[PDB]
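In the form deposited in one PDB entry, a lone chain appears below as structure tokens.
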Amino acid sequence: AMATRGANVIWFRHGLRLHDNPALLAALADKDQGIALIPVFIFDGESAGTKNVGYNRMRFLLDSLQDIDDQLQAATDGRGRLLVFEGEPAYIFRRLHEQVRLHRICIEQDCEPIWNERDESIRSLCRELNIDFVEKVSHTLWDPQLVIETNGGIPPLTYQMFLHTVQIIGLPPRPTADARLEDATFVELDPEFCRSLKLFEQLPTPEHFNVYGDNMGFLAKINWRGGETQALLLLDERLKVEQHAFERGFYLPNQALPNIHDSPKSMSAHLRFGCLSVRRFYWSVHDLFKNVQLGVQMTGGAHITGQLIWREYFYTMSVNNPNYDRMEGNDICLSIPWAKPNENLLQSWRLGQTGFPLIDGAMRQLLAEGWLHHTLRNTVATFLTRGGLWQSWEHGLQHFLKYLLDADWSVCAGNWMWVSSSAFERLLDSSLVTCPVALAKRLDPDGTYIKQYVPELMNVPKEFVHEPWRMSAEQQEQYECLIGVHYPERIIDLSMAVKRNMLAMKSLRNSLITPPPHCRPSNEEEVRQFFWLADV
């Protein structure tokens, strides 16, 4: 009877939330005619970033599915559930269509080109089966196609060009209303069909996908809880923080040092899985201040609002570029003659065995927890590339894409290229941006951060903790820390590396004479904010 009436699918990939979910609303729009809802997620070997993934992000993802499932049950008195499958989407959806007739398959759009093949196969399937393929934009602030269209059919390569494009377009859509689940119908599937199509009964663990709690030697430290429920708690906290900050005259972040000793309050992973709607984030910041805004005069939330648009910028840049995550064949990235892969240096970098305390601390925190402050992401990225080992950013990106809790394909690639390959931004070759030691004394004066993530430095006194090599032979003995034994010797000479790298970047500028269009800082001031530079 109900199986004859039919159903709509809301297919989660990203967009892992019930709030501001226009695809979900569309799936629910046929309630009146008794048409059921089938909420589903499919472990694909790909979807939601599961191809190149580590334990920390796997756990975060599983947390977010568990959250959706929980909310589903709670609001339907147990009738509704998240159906989690493992297998190929086209195969799964064709079989499900047989069991109960699918009126619509509804998705939140995934604008990155690495999702095009997956989605075309479902679009193609929907044609053959006469299913309505409903695709709604809500992972990004605006319809990236609209932005690209308004910018002459190509993507803005510069943050400021990006703002100039959306200023023409106007404010982004507000979040949609909440979904009404109380009166939804859900399907009972045949238990033998469920066995056959690999419908999980309990949500799988990371180990089931052959992903274990060991990140290159480090015991995974789980400081975040994935999911829409947490995402909304974190939003509240951040809105309060913004309010206090404004009240106390703090506008731009340059008015306070980056704080790397901070609690795990970041919503970056939540934004990447859509546990938090970026439109809800944008608009609740806007509504919090706009009332108290007086003309063109500074109001609250200005910077945080711009942060969201940085996300928008990189996502949008990627849309029509399958080569976004590499240098060769990528026409928005400069061709820079990086050194040949040196696996020894690459592993040392990956492991936090470089011999520069701050780099090592950042990399080890990365492996353990899967999240770094923007400023530490700059520092290890700069060190790996232009300001250091002169290794291609592509090695850095593949490492980040695995061990970060966020690791948005487009955003991670974008920041990597922006930082490493903007040859014509000469500030970026300066040592105030390069020097990991001076930056350590600024970010971590007392060695608190360094001693935490580089525990062999624990007894080295504050005087030497940033520069353990300056200890004498005797001192290294006294503090149980021998350079080349207990803690690695610096794997490269930074001063000569910087001299060599500048020359090479200047030589590259000379051969182009004129800068081709590439992903780059809008201007020098933008670089200064972006690296949180100390006036100087």
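C-alpha atoms forming the largest set that superposes within 1.5 Å between two forms make up the rigid core. All residue numbers are counted from 1 along the displayed sequence.
Averaged over their C-alpha atoms, the temperature factors of 249-257 and 224-232 are higher for 249-257. For the pair 424-432 and 168-176, the mean B factor over Cα atoms is greater in 424-432.
Within the listed group 39, 34, 54, 49, the record reports its top CA B-factor for 34. Within the listed group 519, 9, 513, 527, the record reports its top CA B-factor for 513. Per the PDB record, residue ranking by Cα B-factor puts residue 62 in the lowest third of the chain. Among the modelled residues of its chain, residue 147 has a C-alpha B-factor that falls in the lowest third according to the deposited record. Compared with the other modelled residues of the chain, the Cα B-factor recorded for residue 192 ranks in the highest third. For residue 91, the recorded CA temperature factor ranks within the middle third of the chain's modelled residues.
Residue 402: CA B factor in the middle third of modelled residues in this chain (values from the PDB entry).
Here the subject shifts to the form deposited in another entry, a form of this protein not shown in this document.
Just one residue from the list 128, 463, 182, 247 crosses the 2 Å line for C-alpha shift between the shown form and the other one on a rigid core fit, and it is 247. Residue displacement note: residue 107 has its CA displaced by under 2 Å between the shown form and the other one (rigid core superposed).
Residue displacement note: residue 326 has its CA displaced by under 2 Å between the shown form and the other one (rigid core superposed). With the core superposed, residue 232 shows a C-alpha displacement below 2 Å between the shown form and the other one.
Note on residue 249 and residue 440: their C-alpha atoms are more widely spaced in the other form, a change of at least 3 Å from this conformation. Relative to the shown form, the CA atoms of residue 374 and residue 219 are brought 3 Å or more closer together in the other form.
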